[PDB]
Each structure stands twice: as structure tokens, then as C-alpha cells.
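First, one chain by itself in C-alpha cells, the form deposited in one PDB entry.
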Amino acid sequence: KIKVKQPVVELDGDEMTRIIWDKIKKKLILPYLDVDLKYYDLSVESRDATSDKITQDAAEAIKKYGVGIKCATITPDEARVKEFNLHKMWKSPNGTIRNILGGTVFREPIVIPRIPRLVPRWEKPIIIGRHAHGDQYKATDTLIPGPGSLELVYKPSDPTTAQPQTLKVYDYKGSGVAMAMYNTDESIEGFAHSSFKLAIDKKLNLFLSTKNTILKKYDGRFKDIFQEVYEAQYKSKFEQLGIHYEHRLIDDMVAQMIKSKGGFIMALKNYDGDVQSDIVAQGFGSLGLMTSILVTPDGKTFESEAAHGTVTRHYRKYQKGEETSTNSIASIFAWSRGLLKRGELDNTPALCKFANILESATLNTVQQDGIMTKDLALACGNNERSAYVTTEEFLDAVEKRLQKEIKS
């Protein structure tokens, strides 16, 4: 058994992804690793009970130990709130964790050669650096009942060092909606730093995307700080490596991305990184083939998460005792990438090496042995029922592939 030097923070999730999660742990991880798992249950029932405090505790534990691994959770809506006697419509646990940790959520596709790419030219991986902090995800929005004035008001704590601002937003002549959001220079700076370090580390071109021609101050800040940071510590390293940094308007970027062959990093603001993430994932093959990892600017805190959401459809079938074919690759990779970041901080090559053949064994099950879940089988245009295996059958096959590739 490989000794993990430091404990790992484990965040458990909901429904089908939770059922899959437990088997990954007990079969693909625990048998091979002596690891101290700090368990935090982020299920809807656990969150509702603790009044969502568990999410905060879990986030703070990741801050303490350095590495967190998270299972897919459900963000409750009106429908689920009514069915599962929920106190309120609890905020996204991912949003809460991201806000506490801050930084950048790096998302890139899990490339399986056999899978058809919906955007054929995309040969090389596209990495998305989604700023994890604020904007829409920490926004204040409200209904405007009728005619009136809307104002943005800033009051400095120290009126001697800074000035007050009362900016005219809008004069309503009827009912409508109003929202305000924010971000800090500290957070945008960390976002930049991580974007530049990954570009250097992975030898790729970096593109920041905003809309600074429309939002001159809010987006211009993203552009200015990035260029500031680039000139501060990264100019030489970029020139020596032969890679380029460039700011573009979100129009050019997304368009040039569709037209490209891939092979570059797109640093995106919280919202854009969220939307484009799925475009990229889907373009490369499927939503279920994408890693997602939160990194802090200091390079010591990590949160590896299962990107794909859990479908209730598969869960009910499972509760009825019917068979399921839910992919577990995203969940498996959540573990492996988390275990990698753990091994690099602790300086444990055995752990690093283990996580690599774990990934290798999972991908080879699909690529080499043709054993896969329904979604991939269909993506390959394999309409036969005998084309795919069950949820359980897939995981068992990966277990045996793990055993095989460990000994060879």
C-alpha cells in the first residue's frame, strides 16, 4: 500500500454520482492507498440538515490541508425543494467553495482517441482557465416594481484616502430588473498568475477574453492587470519558450476557437469560463469527458471536482433496482488529478505514478478493450444494446485493468 503523506479532503455528493463515487473509492483507491480521508458529506440531505454549513466546513478543510476531491452535487431548485422538504433553495455548493478558496478553475477535456470529435479540427486540447471568484456568481439582483431611480453607491471606509461615488444607473418608467456585481484586483491578479504559470508549465499560448470595448472599466481592469502581471514576472519566460500572450474580445476568441485546431489556453471570466467550458467539452466529444480543478495563486491549494452533473433519471432506475449505464470517468479523473496534486506537494512519486496508470487503465478500458457506458457507445454511433455495459460492469473492468497495469 502506498502511503499518502498528508490527509486528503473528500467531498461526497448526490444520487448516482454518489453511488459511483463510493465504488471508485472502495475499489480503485482504498485497496491501493493508505490515505487519511477527511470526509465532508455535501449531499442535499446533509447540506439541508447543517443549513449548508457542511459546505463551508468542507471548503475551510481544503484550505487547511491543501487538496480537496469533490463529487457532483445537486443545486436544489423549486421542484426539488418542494419534494425533499428543504428549508430553502440553497446556493450552489461549487459557488460557495469557489468563493472561499478563490483562484482559477482549469478545465480541459479527457481525450479518448476512439470518440468522435464534434469539431473535427480540434486535435490538440483546449484548456479553459475559468476565474473562480465573483461577477454573476456573487451578484446582487432584484425586481424593480415600478418607476423610480437606480443608483450605484460606494462609500469608502476612509473618506480621506478615497472618494464617495453615487453613479446614476437607470431611471425606470415601468417595472423591470436590476443587478450589480463586483470583483477585486487581488482575485483578478491571482487569476492572471495561474493563467501565466500554466501556459509556461504546459508550453501553450494564452488568450484572455473580455468585452473591454463595452465594459471599459470592469473589463479593462481584467485586461490591464493581466498585462501588468505579464510584464511583472512573465515576459522573459514567454519569449524564451516561444509562446505568446494576447488579449482578445470574446467575439474574436470564441470564433477563432471554433475555427482552430486547438492547442492553447483560454483564460476566461467566471461566467464565460462556465458557458464555454461545456462548448469545448461537447466539441471534443462529450460533457462526461472533462476534468475540472480549482487552483489558488500561491500554488498550494487545490480542489479537483467531477464536472458532469448527476442525472436523476439514472438514480430512480437504480432505486427501483433497474440497471444503469452511467459513466464514471469524470468521477475517476476527479480522484486521480487530486491525488496527483497531493503527490507533487508531498513529493511522493509512488502516488503520482499510481494516479497516472489509474487514468491510463480507465482510458484503455474504453479505447483498447471497447468497454464503455451507454453515452460513449451512442457517441460512437453504436446503437446496439450489446455495445455498452452497465454502471457496475464498467467499474469492475477498470478495476481489473488497474490490477493488470500495476503488475506489468
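Numbering starts at 1 and follows the sequence shown. Rigid core: the largest C-alpha set superposing within 1.5 Å between the two forms.
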{"item": "Comparing 75-83 with 212-220, the one whose average Cα B-factor in the PDB entry is higher", "value": "75-83"}
{"item": "Average Cα temperature factor in the PDB entry - higher stretch of 275-283, 233-241", "value": "233-241"}
{"item": "B-factor third for the C-alpha atom of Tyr315 within its chain", "value": "highest"}
{"item": "Third of the chain's Cα B-factor distribution that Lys341 belongs to, per the entry", "value": "middle"}
{"item": "Within-chain third of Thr348 by Cα B-factor, per the entry", "value": "highest"}
{"item": "Third assignment of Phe302 from its chain's C-alpha B-factors", "value": "middle"}
{"item": "Entry-reported Cα temperature factor of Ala192, expressed as the chain third it lands in", "value": "lowest"}
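The discussion below concerns the form deposited in another entry, not included here.
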| query | finding |
| --- | --- |
| Shift of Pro159 between the shown form and the other one at or above 2 Å (CA, core fit) | yes |
| C-alpha of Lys91 off by 2 Å or more between the shown form and the other one on rigid core | no |
| CA-CA separation of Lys341 and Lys203, closer or farther in that other deposited form than in the form shown [shift of 3 angstroms or more] | closer |
| Comparison of CA distance in that other deposited form with shown form for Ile200, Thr348, at least 3 Å | closer |
